[PDB]
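Heads up, final_29.cif below (mmCIF, C-alpha atoms):
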data_entry
#
loop_
_atom_site.group_PDB
_atom_site.id
_atom_site.type_symbol
_atom_site.label_atom_id
_atom_site.label_comp_id
_atom_site.auth_asym_id
_atom_site.auth_seq_id
_atom_site.Cartn_x
_atom_site.Cartn_y
_atom_site.Cartn_z
ATOM 1 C CA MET G 2 0.000 0.000 0.000
ATOM 2 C CA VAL G 3 1.488 3.275 -1.259
ATOM 3 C CA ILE G 4 -1.826 4.981 -0.451
ATOM 4 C CA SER G 5 -2.425 6.072 3.080
ATOM 5 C CA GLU G 6 -5.305 4.217 4.743
ATOM 6 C CA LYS G 7 -6.689 7.756 5.079
ATOM 7 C CA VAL G 8 -6.974 8.482 1.340
ATOM 8 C CA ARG G 9 -8.062 4.939 0.441
ATOM 9 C CA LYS G 10 -10.814 5.110 3.043
ATOM 10 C CA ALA G 11 -12.033 8.329 1.404
ATOM 11 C CA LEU G 12 -11.702 6.937 -2.114
ATOM 12 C CA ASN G 13 -13.636 3.934 -0.805
ATOM 13 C CA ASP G 14 -16.454 6.024 0.665
ATOM 14 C CA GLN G 15 -16.651 7.842 -2.659
ATOM 15 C CA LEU G 16 -16.995 4.535 -4.474
ATOM 16 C CA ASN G 17 -19.842 3.772 -2.096
ATOM 17 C CA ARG G 18 -21.474 7.171 -2.678
ATOM 18 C CA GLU G 19 -21.756 6.833 -6.434
ATOM 19 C CA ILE G 20 -23.153 3.315 -6.147
ATOM 20 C CA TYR G 21 -25.910 5.011 -4.158
ATOM 21 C CA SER G 22 -26.123 7.709 -6.836
ATOM 22 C CA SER G 23 -26.691 4.843 -9.264
ATOM 23 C CA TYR G 24 -29.485 3.464 -7.066
ATOM 24 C CA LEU G 25 -31.169 6.835 -6.420
ATOM 25 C CA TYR G 26 -31.153 7.678 -10.130
ATOM 26 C CA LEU G 27 -32.635 4.262 -10.896
ATOM 27 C CA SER G 28 -35.304 4.918 -8.285
ATOM 28 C CA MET G 29 -36.230 8.228 -9.936
ATOM 29 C CA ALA G 30 -36.744 6.120 -13.045
ATOM 30 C CA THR G 31 -39.251 3.872 -11.275
ATOM 31 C CA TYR G 32 -41.127 7.046 -10.485
ATOM 32 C CA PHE G 33 -40.743 8.470 -14.020
ATOM 33 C CA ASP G 34 -41.803 5.136 -15.555
ATOM 34 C CA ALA G 35 -44.725 5.090 -13.126
ATOM 35 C CA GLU G 36 -45.918 8.598 -14.065
ATOM 36 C CA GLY G 37 -45.507 7.824 -17.752
ATOM 37 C CA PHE G 38 -42.379 9.832 -18.573
ATOM 38 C CA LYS G 39 -40.444 7.182 -20.465
ATOM 39 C CA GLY G 40 -37.817 9.642 -21.661
ATOM 40 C CA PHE G 41 -37.127 11.070 -18.216
ATOM 41 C CA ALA G 42 -36.835 7.488 -16.945
ATOM 42 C CA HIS G 43 -34.550 6.472 -19.812
ATOM 43 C CA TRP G 44 -32.232 9.349 -18.916
ATOM 44 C CA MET G 45 -32.088 8.696 -15.178
ATOM 45 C CA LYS G 46 -31.449 5.057 -16.088
ATOM 46 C CA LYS G 47 -28.418 5.996 -18.149
ATOM 47 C CA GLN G 48 -27.364 8.430 -15.434
ATOM 48 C CA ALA G 49 -27.274 5.262 -13.310
ATOM 49 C CA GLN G 50 -25.056 3.311 -15.689
ATOM 50 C CA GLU G 51 -22.751 6.356 -15.801
ATOM 51 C CA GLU G 52 -22.335 6.627 -12.050
ATOM 52 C CA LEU G 53 -21.589 2.879 -12.016
ATOM 53 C CA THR G 54 -18.817 3.344 -14.568
ATOM 54 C CA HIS G 55 -17.394 5.957 -12.213
ATOM 55 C CA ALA G 56 -17.379 3.401 -9.380
ATOM 56 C CA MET G 57 -15.476 0.989 -11.614
ATOM 57 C CA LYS G 58 -12.762 3.614 -12.147
ATOM 58 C CA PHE G 59 -12.571 4.229 -8.393
ATOM 59 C CA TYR G 60 -12.574 0.475 -7.846
ATOM 60 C CA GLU G 61 -9.676 -0.270 -10.154
ATOM 61 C CA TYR G 62 -7.647 2.739 -9.004
ATOM 62 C CA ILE G 63 -7.805 1.548 -5.403
ATOM 63 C CA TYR G 64 -6.334 -1.802 -6.472
ATOM 64 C CA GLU G 65 -3.535 -0.380 -8.633
ATOM 65 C CA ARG G 66 -2.696 1.893 -5.725
ATOM 66 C CA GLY G 67 -2.338 -1.456 -3.983
ATOM 67 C CA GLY G 68 -5.377 -1.187 -1.678
ATOM 68 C CA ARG G 69 -8.683 -3.025 -1.534
ATOM 69 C CA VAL G 70 -12.362 -2.035 -1.810
ATOM 70 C CA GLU G 71 -15.044 -2.869 0.755
ATOM 71 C CA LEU G 72 -18.717 -2.409 -0.092
ATOM 72 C CA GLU G 73 -21.153 -1.020 2.459
ATOM 73 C CA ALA G 74 -24.888 -1.277 2.843
ATOM 74 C CA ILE G 75 -27.073 0.660 0.396
ATOM 75 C CA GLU G 76 -30.075 2.273 2.077
ATOM 76 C CA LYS G 77 -33.444 2.383 0.327
ATOM 77 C CA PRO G 78 -33.817 5.483 -1.887
ATOM 78 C CA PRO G 79 -36.798 7.812 -2.127
ATOM 79 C CA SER G 80 -39.273 6.295 -4.563
ATOM 80 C CA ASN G 81 -41.870 9.037 -5.017
ATOM 81 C CA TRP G 82 -41.565 12.860 -5.216
ATOM 82 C CA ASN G 83 -44.003 15.737 -5.863
ATOM 83 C CA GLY G 84 -43.710 15.908 -9.672
ATOM 84 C CA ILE G 85 -41.189 16.149 -12.478
ATOM 85 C CA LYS G 86 -39.679 19.252 -10.925
ATOM 86 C CA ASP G 87 -39.527 17.746 -7.462
ATOM 87 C CA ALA G 88 -37.674 14.718 -8.821
ATOM 88 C CA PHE G 89 -35.283 16.689 -11.023
ATOM 89 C CA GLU G 90 -34.783 19.088 -8.164
ATOM 90 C CA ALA G 91 -33.645 16.052 -6.224
ATOM 91 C CA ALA G 92 -31.127 15.034 -8.872
ATOM 92 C CA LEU G 93 -29.771 18.596 -8.694
ATOM 93 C CA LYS G 94 -29.177 18.685 -4.913
ATOM 94 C CA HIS G 95 -27.642 15.186 -5.013
ATOM 95 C CA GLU G 96 -25.418 16.228 -7.914
ATOM 96 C CA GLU G 97 -24.341 19.160 -5.767
ATOM 97 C CA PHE G 98 -23.590 17.205 -2.566
ATOM 98 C CA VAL G 99 -21.326 14.914 -4.571
ATOM 99 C CA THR G 100 -19.695 17.981 -6.157
ATOM 100 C CA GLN G 101 -18.871 19.121 -2.624
ATOM 101 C CA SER G 102 -17.917 15.561 -1.571
ATOM 102 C CA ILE G 103 -15.393 15.335 -4.382
ATOM 103 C CA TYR G 104 -13.980 18.694 -3.292
ATOM 104 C CA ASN G 105 -13.163 17.289 0.154
ATOM 105 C CA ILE G 106 -11.474 14.186 -1.349
ATOM 106 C CA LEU G 107 -9.539 16.521 -3.680
ATOM 107 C CA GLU G 108 -8.374 18.629 -0.780
ATOM 108 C CA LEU G 109 -7.729 15.679 1.577
ATOM 109 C CA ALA G 110 -5.614 14.131 -1.196
ATOM 110 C CA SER G 111 -3.502 17.258 -1.651
ATOM 111 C CA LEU G 112 -3.216 17.647 2.129
ATOM 112 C CA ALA G 113 -2.021 14.051 2.155
ATOM 113 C CA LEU G 114 0.591 15.000 -0.506
ATOM 114 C CA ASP G 115 -0.859 12.264 -2.751
ATOM 115 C CA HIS G 116 0.195 13.631 -6.146
ATOM 116 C CA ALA G 117 -1.376 10.728 -8.042
ATOM 117 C CA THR G 118 -4.885 10.439 -6.600
ATOM 118 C CA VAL G 119 -5.283 14.196 -6.971
ATOM 119 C CA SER G 120 -4.260 13.899 -10.612
ATOM 120 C CA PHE G 121 -6.621 10.917 -10.890
ATOM 121 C CA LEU G 122 -9.468 12.871 -9.307
ATOM 122 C CA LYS G 123 -8.660 15.647 -11.827
ATOM 123 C CA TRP G 124 -11.075 14.176 -14.326
ATOM 124 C CA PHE G 125 -13.946 13.870 -11.871
ATOM 125 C CA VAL G 126 -14.189 17.500 -10.701
ATOM 126 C CA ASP G 127 -14.474 18.517 -14.358
ATOM 127 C CA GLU G 128 -16.807 15.626 -15.145
ATOM 128 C CA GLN G 129 -19.181 16.911 -12.526
ATOM 129 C CA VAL G 130 -19.129 20.632 -13.221
ATOM 130 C CA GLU G 131 -20.638 19.373 -16.440
ATOM 131 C CA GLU G 132 -23.145 16.885 -14.996
ATOM 132 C CA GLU G 133 -24.672 19.297 -12.501
ATOM 133 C CA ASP G 134 -24.752 22.054 -15.152
ATOM 134 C CA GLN G 135 -26.840 19.677 -17.270
ATOM 135 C CA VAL G 136 -29.219 18.884 -14.416
ATOM 136 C CA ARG G 137 -29.809 22.525 -13.455
ATOM 137 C CA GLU G 138 -30.414 23.226 -17.159
ATOM 138 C CA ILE G 139 -32.958 20.406 -17.185
ATOM 139 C CA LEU G 140 -34.789 21.911 -14.203
ATOM 140 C CA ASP G 141 -34.611 25.473 -15.568
ATOM 141 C CA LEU G 142 -36.397 24.170 -18.670
ATOM 142 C CA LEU G 143 -39.307 22.368 -17.031
ATOM 143 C CA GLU G 144 -39.909 25.613 -15.170
ATOM 144 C CA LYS G 145 -40.702 27.913 -18.132
ATOM 145 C CA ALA G 146 -42.688 24.999 -19.503
ATOM 146 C CA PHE G 147 -45.000 26.043 -16.632
ATOM 147 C CA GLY G 148 -46.876 22.756 -16.575
ATOM 148 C CA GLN G 149 -47.588 23.215 -20.283
ATOM 149 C CA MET G 150 -47.682 19.590 -21.214
ATOM 150 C CA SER G 151 -46.953 20.125 -24.927
ATOM 151 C CA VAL G 152 -43.290 20.970 -24.178
ATOM 152 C CA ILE G 153 -42.752 18.653 -21.264
ATOM 153 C CA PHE G 154 -43.317 15.784 -23.639
ATOM 154 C CA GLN G 155 -40.915 17.707 -25.857
ATOM 155 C CA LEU G 156 -38.271 17.412 -23.112
ATOM 156 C CA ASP G 157 -39.218 13.847 -22.134
ATOM 157 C CA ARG G 158 -38.819 12.958 -25.797
ATOM 158 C CA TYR G 159 -35.491 14.750 -25.987
ATOM 159 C CA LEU G 160 -33.780 13.622 -22.812
ATOM 160 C CA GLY G 161 -35.288 10.241 -23.752
ATOM 161 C CA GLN G 162 -32.812 9.899 -26.608
ATOM 162 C CA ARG G 163 -29.591 10.476 -24.706
ATOM 163 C CA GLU G 164 -27.345 7.618 -25.809
ATOM 164 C CA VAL Y 3 -52.914 -5.635 -15.427
ATOM 165 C CA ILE Y 4 -50.742 -7.777 -13.145
ATOM 166 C CA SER Y 5 -52.403 -8.580 -9.869
ATOM 167 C CA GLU Y 6 -50.983 -6.896 -6.783
ATOM 168 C CA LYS Y 7 -49.814 -10.309 -5.537
ATOM 169 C CA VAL Y 8 -47.959 -11.315 -8.707
ATOM 170 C CA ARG Y 9 -46.507 -7.789 -8.697
ATOM 171 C CA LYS Y 10 -45.213 -8.084 -5.142
ATOM 172 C CA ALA Y 11 -43.436 -11.373 -5.872
ATOM 173 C CA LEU Y 12 -41.690 -9.990 -8.964
ATOM 174 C CA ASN Y 13 -40.754 -6.796 -7.156
ATOM 175 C CA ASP Y 14 -39.032 -8.765 -4.397
ATOM 176 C CA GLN Y 15 -37.346 -10.973 -6.967
ATOM 177 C CA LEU Y 16 -36.007 -7.835 -8.658
ATOM 178 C CA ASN Y 17 -34.601 -6.585 -5.353
ATOM 179 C CA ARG Y 18 -33.158 -10.050 -4.621
ATOM 180 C CA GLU Y 19 -31.366 -10.123 -7.988
ATOM 181 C CA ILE Y 20 -29.867 -6.707 -7.195
ATOM 182 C CA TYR Y 21 -28.469 -8.066 -3.933
ATOM 183 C CA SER Y 22 -26.924 -10.833 -6.006
ATOM 184 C CA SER Y 23 -25.098 -8.378 -8.229
ATOM 185 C CA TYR Y 24 -23.889 -6.706 -5.019
ATOM 186 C CA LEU Y 25 -22.909 -9.937 -3.271
ATOM 187 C CA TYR Y 26 -20.869 -11.090 -6.266
ATOM 188 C CA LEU Y 27 -19.092 -7.764 -6.627
ATOM 189 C CA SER Y 28 -18.271 -7.930 -2.909
ATOM 190 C CA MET Y 29 -16.867 -11.425 -3.629
ATOM 191 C CA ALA Y 30 -14.795 -9.730 -6.306
ATOM 192 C CA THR Y 31 -13.497 -7.315 -3.628
ATOM 193 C CA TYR Y 32 -12.236 -10.293 -1.682
ATOM 194 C CA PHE Y 33 -10.694 -12.012 -4.715
ATOM 195 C CA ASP Y 34 -8.585 -9.076 -5.977
ATOM 196 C CA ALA Y 35 -7.483 -8.515 -2.365
ATOM 197 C CA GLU Y 36 -6.221 -12.095 -2.128
ATOM 198 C CA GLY Y 37 -4.629 -11.704 -5.555
ATOM 199 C CA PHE Y 38 -6.825 -13.735 -7.952
ATOM 200 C CA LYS Y 39 -7.679 -11.467 -10.863
ATOM 201 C CA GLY Y 40 -9.272 -14.254 -12.877
ATOM 202 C CA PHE Y 41 -11.645 -15.193 -10.080
ATOM 203 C CA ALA Y 42 -12.349 -11.493 -9.463
ATOM 204 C CA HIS Y 43 -12.907 -10.826 -13.157
ATOM 205 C CA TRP Y 44 -15.295 -13.824 -13.151
ATOM 206 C CA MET Y 45 -17.247 -12.398 -10.186
ATOM 207 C CA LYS Y 46 -17.464 -9.049 -11.995
ATOM 208 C CA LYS Y 47 -19.061 -10.565 -15.100
ATOM 209 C CA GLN Y 48 -21.515 -12.394 -12.837
ATOM 210 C CA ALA Y 49 -22.659 -9.321 -10.893
ATOM 211 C CA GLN Y 50 -23.183 -7.301 -14.070
ATOM 212 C CA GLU Y 51 -25.026 -10.365 -15.341
ATOM 213 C CA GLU Y 52 -27.274 -10.354 -12.271
ATOM 214 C CA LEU Y 53 -27.886 -6.696 -13.028
ATOM 215 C CA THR Y 54 -29.155 -7.477 -16.536
ATOM 216 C CA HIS Y 55 -31.625 -10.019 -15.113
ATOM 217 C CA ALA Y 56 -32.867 -7.364 -12.701
ATOM 218 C CA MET Y 57 -33.630 -4.866 -15.457
ATOM 219 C CA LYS Y 58 -35.534 -7.509 -17.443
ATOM 220 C CA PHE Y 59 -37.727 -8.090 -14.405
ATOM 221 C CA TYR Y 60 -37.892 -4.270 -14.496
ATOM 222 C CA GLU Y 61 -39.079 -3.690 -18.056
ATOM 223 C CA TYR Y 62 -41.599 -6.502 -17.517
ATOM 224 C CA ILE Y 63 -43.105 -4.970 -14.364
ATOM 225 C CA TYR Y 64 -43.746 -1.877 -16.432
ATOM 226 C CA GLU Y 65 -44.984 -3.720 -19.512
ATOM 227 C CA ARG Y 66 -47.757 -5.065 -17.266
ATOM 228 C CA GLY Y 67 -48.685 -1.717 -15.737
ATOM 229 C CA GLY Y 68 -46.838 -2.178 -12.459
ATOM 230 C CA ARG Y 69 -44.179 -0.134 -10.716
ATOM 231 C CA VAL Y 70 -40.811 -1.088 -9.272
ATOM 232 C CA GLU Y 71 -40.128 -0.177 -5.690
ATOM 233 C CA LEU Y 72 -36.435 -0.361 -4.771
ATOM 234 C CA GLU Y 73 -35.810 -1.704 -1.256
ATOM 235 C CA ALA Y 74 -32.690 -1.379 0.878
ATOM 236 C CA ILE Y 75 -29.668 -3.437 -0.123
ATOM 237 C CA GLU Y 76 -28.134 -5.226 2.870
ATOM 238 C CA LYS Y 77 -24.398 -5.123 3.311
ATOM 239 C CA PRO Y 78 -22.695 -8.114 1.689
ATOM 240 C CA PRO Y 79 -20.138 -10.251 3.451
ATOM 241 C CA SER Y 80 -16.638 -9.099 2.561
ATOM 242 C CA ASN Y 81 -14.401 -12.030 3.626
ATOM 243 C CA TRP Y 82 -14.452 -15.810 3.335
ATOM 244 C CA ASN Y 83 -11.988 -18.555 4.267
ATOM 245 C CA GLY Y 84 -10.682 -19.220 0.765
ATOM 246 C CA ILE Y 85 -11.690 -19.558 -2.868
ATOM 247 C CA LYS Y 86 -13.871 -22.640 -2.437
ATOM 248 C CA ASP Y 87 -15.492 -21.233 0.701
ATOM 249 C CA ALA Y 88 -16.545 -18.277 -1.449
ATOM 250 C CA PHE Y 89 -17.737 -20.354 -4.409
ATOM 251 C CA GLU Y 90 -19.366 -22.396 -1.657
ATOM 252 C CA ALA Y 91 -21.302 -19.271 -0.689
ATOM 253 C CA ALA Y 92 -21.988 -18.781 -4.430
ATOM 254 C CA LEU Y 93 -23.679 -22.132 -5.061
ATOM 255 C CA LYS Y 94 -25.818 -21.847 -1.947
ATOM 256 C CA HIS Y 95 -26.883 -18.282 -2.808
ATOM 257 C CA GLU Y 96 -28.111 -19.277 -6.290
ATOM 258 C CA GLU Y 97 -29.715 -22.491 -5.078
ATOM 259 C CA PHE Y 98 -31.967 -20.274 -2.989
ATOM 260 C CA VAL Y 99 -32.916 -17.884 -5.782
ATOM 261 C CA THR Y 100 -33.663 -21.017 -7.858
ATOM 262 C CA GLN Y 101 -36.303 -22.114 -5.358
ATOM 263 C CA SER Y 102 -37.589 -18.536 -5.068
ATOM 264 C CA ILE Y 103 -38.232 -18.510 -8.820
ATOM 265 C CA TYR Y 104 -40.210 -21.757 -8.566
ATOM 266 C CA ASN Y 105 -42.478 -20.289 -5.898
ATOM 267 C CA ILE Y 106 -43.256 -17.341 -8.206
ATOM 268 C CA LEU Y 107 -43.725 -19.776 -11.130
ATOM 269 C CA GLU Y 108 -46.237 -21.570 -8.918
ATOM 270 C CA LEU Y 109 -47.865 -18.398 -7.457
ATOM 271 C CA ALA Y 110 -48.305 -17.019 -10.974
ATOM 272 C CA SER Y 111 -49.547 -20.272 -12.452
ATOM 273 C CA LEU Y 112 -52.117 -20.515 -9.668
ATOM 274 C CA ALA Y 113 -53.041 -16.927 -10.425
ATOM 275 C CA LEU Y 114 -53.583 -17.897 -13.335
ATOM 276 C CA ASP Y 115 -51.278 -15.253 -14.812
ATOM 277 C CA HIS Y 116 -50.122 -17.160 -17.885
ATOM 278 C CA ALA Y 117 -48.037 -14.125 -18.905
ATOM 279 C CA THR Y 118 -45.695 -13.928 -15.918
ATOM 280 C CA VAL Y 119 -45.449 -17.765 -15.920
ATOM 281 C CA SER Y 120 -44.140 -17.875 -19.493
ATOM 282 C CA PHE Y 121 -41.590 -15.105 -18.917
ATOM 283 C CA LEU Y 122 -40.222 -16.619 -15.718
ATOM 284 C CA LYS Y 123 -39.535 -19.750 -17.821
ATOM 285 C CA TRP Y 124 -36.649 -17.848 -19.454
ATOM 286 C CA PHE Y 125 -35.225 -17.341 -15.963
ATOM 287 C CA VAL Y 126 -35.977 -20.828 -14.669
ATOM 288 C CA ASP Y 127 -33.830 -21.963 -17.572
ATOM 289 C CA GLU Y 128 -31.084 -19.268 -17.473
ATOM 290 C CA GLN Y 129 -31.052 -19.649 -13.669
ATOM 291 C CA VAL Y 130 -30.741 -23.453 -13.955
ATOM 292 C CA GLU Y 131 -27.467 -23.007 -15.802
ATOM 293 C CA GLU Y 132 -26.153 -20.246 -13.567
ATOM 294 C CA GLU Y 133 -25.866 -22.809 -10.780
ATOM 295 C CA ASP Y 134 -24.203 -25.307 -13.070
ATOM 296 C CA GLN Y 135 -21.478 -22.838 -14.008
ATOM 297 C CA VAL Y 136 -20.864 -22.453 -10.267
ATOM 298 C CA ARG Y 137 -21.441 -26.138 -9.495
ATOM 299 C CA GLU Y 138 -18.631 -27.401 -11.727
ATOM 300 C CA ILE Y 139 -16.266 -24.708 -10.452
ATOM 301 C CA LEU Y 140 -16.815 -25.748 -6.839
ATOM 302 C CA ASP Y 141 -15.830 -29.250 -8.022
ATOM 303 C CA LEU Y 142 -13.228 -27.972 -10.473
ATOM 304 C CA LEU Y 143 -12.111 -26.681 -7.083
ATOM 305 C CA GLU Y 144 -12.721 -29.445 -4.407
ATOM 306 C CA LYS Y 145 -10.609 -31.816 -6.515
ATOM 307 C CA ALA Y 146 -8.163 -28.860 -6.461
ATOM 308 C CA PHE Y 147 -7.769 -29.054 -2.610
ATOM 309 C CA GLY Y 148 -4.485 -27.428 -2.937
ATOM 310 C CA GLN Y 149 -2.403 -27.705 -6.107
ATOM 311 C CA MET Y 150 -2.260 -23.901 -6.233
ATOM 312 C CA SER Y 151 -0.715 -24.785 -9.613
ATOM 313 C CA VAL Y 152 -3.982 -25.757 -11.331
ATOM 314 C CA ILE Y 153 -5.959 -23.349 -9.120
ATOM 315 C CA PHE Y 154 -3.864 -20.830 -11.056
ATOM 316 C CA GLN Y 155 -4.581 -22.611 -14.319
ATOM 317 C CA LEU Y 156 -8.221 -22.299 -13.244
ATOM 318 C CA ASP Y 157 -7.991 -18.642 -12.231
ATOM 319 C CA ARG Y 158 -6.407 -17.861 -15.617
ATOM 320 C CA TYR Y 159 -9.183 -19.721 -17.440
ATOM 321 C CA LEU Y 160 -12.053 -18.229 -15.435
ATOM 322 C CA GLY Y 161 -10.357 -14.875 -15.985
ATOM 323 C CA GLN Y 162 -11.169 -14.757 -19.706
ATOM 324 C CA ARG Y 163 -14.933 -15.068 -19.342
ATOM 325 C CA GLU Y 164 -16.601 -12.372 -21.383
#

So, in terms of structure tokens, how does the structure I just supplied come out?
Amino acid sequence: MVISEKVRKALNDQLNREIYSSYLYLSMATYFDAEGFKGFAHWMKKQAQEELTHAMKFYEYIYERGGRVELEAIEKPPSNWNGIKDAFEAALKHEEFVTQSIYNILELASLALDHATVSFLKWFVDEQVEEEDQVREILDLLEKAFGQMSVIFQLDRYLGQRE
Amino acid sequence: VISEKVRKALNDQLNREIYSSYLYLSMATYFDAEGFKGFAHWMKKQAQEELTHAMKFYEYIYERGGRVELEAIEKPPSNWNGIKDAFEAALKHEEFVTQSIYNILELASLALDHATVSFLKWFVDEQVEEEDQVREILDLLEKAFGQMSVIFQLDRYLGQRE
């Protein structure tokens, strides 16, 4: 182990946090499927495969560092919200808490003098000043829709074709 | 149009198959720790395979006008007493899902939901070769007892599963 047990613990908690991001985004699908937004569910669903691919990268990095991963319990996510906005609001806060979480690991890793993990985390800070700019954009759109259903379908149908 | 009862049983089965993906990944976090990348690679294909099963239960529960509810995922075990002790846990885990499919297959045939019955039959099959992949490994093991030599032959071979 060239990592410190301190930085590998934090990289391990971050692996656990995105697994839960993958479960919470899947759960927002179950709601969006339930309320008939197939395109909003499709998107959440692929936001869940994307957070899982992030966990893989954390997973493998821990092991090349020399360390080992330990998985923790996943607690049951919210299943129902107050509407499309309330759900996509929720994706926005969660995509902000993880933006802050990855700031602490970034710091922590520079405080620890870990030049590699910092560099490795370089891609994730950028990755997620995108992702939570997308989500806010999403929510700023369904506002001016104003419950006008014509253009919510328009957004369902458009986020529904993210590949 | 699924009944509430047939729904409930498929919703639990979906949450059980998710725990299986998680358990097998956890088993992969023990295997790379102990230095077997083939066995860990093999557990990683399996978990992601359990995932796929759990999204087919998913699209089906919405084809029939139901909704998935996602329950809490218990913490997996993280250590066992060796490779065969883990693949021991493997076989037993997927013997129990195999009997939990049958009970749904009954429950739905009594329903008489002929639609969920027919679809489970894909799983009943695919599930009754999942155990046999694990069954022969446990014995591909057991006769291995030791000879870390062929255990390493084995780990190499398992490690190329796609």

Show me, as a PDB file with C-alpha atoms, keeping the file's coordinate frame, every residue of chain Y with an atom at most 9 Å from chain G, counting only C-alpha atoms.
ATOM      1  CA  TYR Y  24     -23.889  -6.706  -5.019  1.00  0.00           C
ATOM      2  CA  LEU Y  27     -19.092  -7.764  -6.627  1.00  0.00           C
ATOM      3  CA  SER Y  28     -18.271  -7.930  -2.909  1.00  0.00           C
ATOM      4  CA  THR Y  31     -13.497  -7.315  -3.628  1.00  0.00           C
ATOM      5  CA  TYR Y  32     -12.236 -10.293  -1.682  1.00  0.00           C
ATOM      6  CA  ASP Y  34      -8.585  -9.076  -5.977  1.00  0.00           C
ATOM      7  CA  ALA Y  35      -7.483  -8.515  -2.365  1.00  0.00           C
ATOM      8  CA  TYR Y  60     -37.892  -4.270 -14.496  1.00  0.00           C
ATOM      9  CA  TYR Y  64     -43.746  -1.877 -16.432  1.00  0.00           C
ATOM     10  CA  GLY Y  67     -48.685  -1.717 -15.737  1.00  0.00           C
ATOM     11  CA  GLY Y  68     -46.838  -2.178 -12.459  1.00  0.00           C
ATOM     12  CA  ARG Y  69     -44.179  -0.134 -10.716  1.00  0.00           C
ATOM     13  CA  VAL Y  70     -40.811  -1.088  -9.272  1.00  0.00           C
ATOM     14  CA  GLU Y  71     -40.128  -0.177  -5.690  1.00  0.00           C
ATOM     15  CA  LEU Y  72     -36.435  -0.361  -4.771  1.00  0.00           C
ATOM     16  CA  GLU Y  73     -35.810  -1.704  -1.256  1.00  0.00           C
ATOM     17  CA  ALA Y  74     -32.690  -1.379   0.878  1.00  0.00           C
ATOM     18  CA  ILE Y  75     -29.668  -3.437  -0.123  1.00  0.00           C
ATOM     19  CA  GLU Y  76     -28.134  -5.226   2.870  1.00  0.00           C
ATOM     20  CA  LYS Y  77     -24.398  -5.123   3.311  1.00  0.00           C
ATOM     21  CA  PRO Y  78     -22.695  -8.114   1.689  1.00  0.00           C
ATOM     22  CA  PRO Y  79     -20.138 -10.251   3.451  1.00  0.00           C
ATOM     23  CA  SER Y  80     -16.638  -9.099   2.561  1.00  0.00           C
TER      24      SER Y  80
END

### Query
Any idea what's packed within 8 Å of region 101-110 of chain Y, counting all atoms listed in the file, ignoring anything in its chain fewer than 3 positions away? Could you give it as a VMD selection string?
chain Y and resid 8 11 to 12 15 97 to 98 113 to 116 118 to 119 122 to 123 125 to 126

Keeping C-alpha atoms for every residue in the selection just given, could you write it to a file as an mmCIF file, in the frame of the given file?
data_model
loop_
_atom_site.group_PDB
_atom_site.id
_atom_site.type_symbol
_atom_site.label_atom_id
_atom_site.label_comp_id
_atom_site.auth_asym_id
_atom_site.auth_seq_id
_atom_site.Cartn_x
_atom_site.Cartn_y
_atom_site.Cartn_z
ATOM 1 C CA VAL Y 8 -47.959 -11.315 -8.707
ATOM 2 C CA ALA Y 11 -43.436 -11.373 -5.872
ATOM 3 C CA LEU Y 12 -41.690 -9.990 -8.964
ATOM 4 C CA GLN Y 15 -37.346 -10.973 -6.967
ATOM 5 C CA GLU Y 97 -29.715 -22.491 -5.078
ATOM 6 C CA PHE Y 98 -31.967 -20.274 -2.989
ATOM 7 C CA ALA Y 113 -53.041 -16.927 -10.425
ATOM 8 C CA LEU Y 114 -53.583 -17.897 -13.335
ATOM 9 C CA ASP Y 115 -51.278 -15.253 -14.812
ATOM 10 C CA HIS Y 116 -50.122 -17.160 -17.885
ATOM 11 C CA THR Y 118 -45.695 -13.928 -15.918
ATOM 12 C CA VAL Y 119 -45.449 -17.765 -15.920
ATOM 13 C CA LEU Y 122 -40.222 -16.619 -15.718
ATOM 14 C CA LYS Y 123 -39.535 -19.750 -17.821
ATOM 15 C CA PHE Y 125 -35.225 -17.341 -15.963
ATOM 16 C CA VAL Y 126 -35.977 -20.828 -14.669
#

#### Entry: Residues returned when the PyMOL selection byres ((chain G and resi 133-145) around 8) runs on this file, as a list in words
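For this structure, the PyMOL selection byres ((chain G and resi 133-145) around 8) captures residues 85, 86, 89, 90, 92, 93, 96, 97, 129, 130, 131, 132, 146, 147, 148, 153 and 156 of chain G.
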
### Query
If you apply the PyMOL selection byres ((chain G and resi 50) around 10) to this file, what residues do you get, as a list in words?
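What the PyMOL selection byres ((chain G and resi 50) around 10) grabs from the file is residues 20, 22, 23, 24, 26, 27, 44, 45, 46, 47, 48, 49, 51, 52, 53, 54, 55 and 56 of chain G.
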
Keeping C-alpha atoms, export the residues of the selection given above as a PDB file, in the frame of the given file.
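As written to disk, out-v3.pdb reads:
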ATOM      1  CA  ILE G  20     -23.153   3.315  -6.147  1.00  0.00           C
ATOM      2  CA  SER G  22     -26.123   7.709  -6.836  1.00  0.00           C
ATOM      3  CA  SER G  23     -26.691   4.843  -9.264  1.00  0.00           C
ATOM      4  CA  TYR G  24     -29.485   3.464  -7.066  1.00  0.00           C
ATOM      5  CA  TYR G  26     -31.153   7.678 -10.130  1.00  0.00           C
ATOM      6  CA  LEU G  27     -32.635   4.262 -10.896  1.00  0.00           C
ATOM      7  CA  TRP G  44     -32.232   9.349 -18.916  1.00  0.00           C
ATOM      8  CA  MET G  45     -32.088   8.696 -15.178  1.00  0.00           C
ATOM      9  CA  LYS G  46     -31.449   5.057 -16.088  1.00  0.00           C
ATOM     10  CA  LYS G  47     -28.418   5.996 -18.149  1.00  0.00           C
ATOM     11  CA  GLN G  48     -27.364   8.430 -15.434  1.00  0.00           C
ATOM     12  CA  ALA G  49     -27.274   5.262 -13.310  1.00  0.00           C
ATOM     13  CA  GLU G  51     -22.751   6.356 -15.801  1.00  0.00           C
ATOM     14  CA  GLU G  52     -22.335   6.627 -12.050  1.00  0.00           C
ATOM     15  CA  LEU G  53     -21.589   2.879 -12.016  1.00  0.00           C
ATOM     16  CA  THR G  54     -18.817   3.344 -14.568  1.00  0.00           C
ATOM     17  CA  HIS G  55     -17.394   5.957 -12.213  1.00  0.00           C
ATOM     18  CA  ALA G  56     -17.379   3.401  -9.380  1.00  0.00           C
TER      19      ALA G  56
END
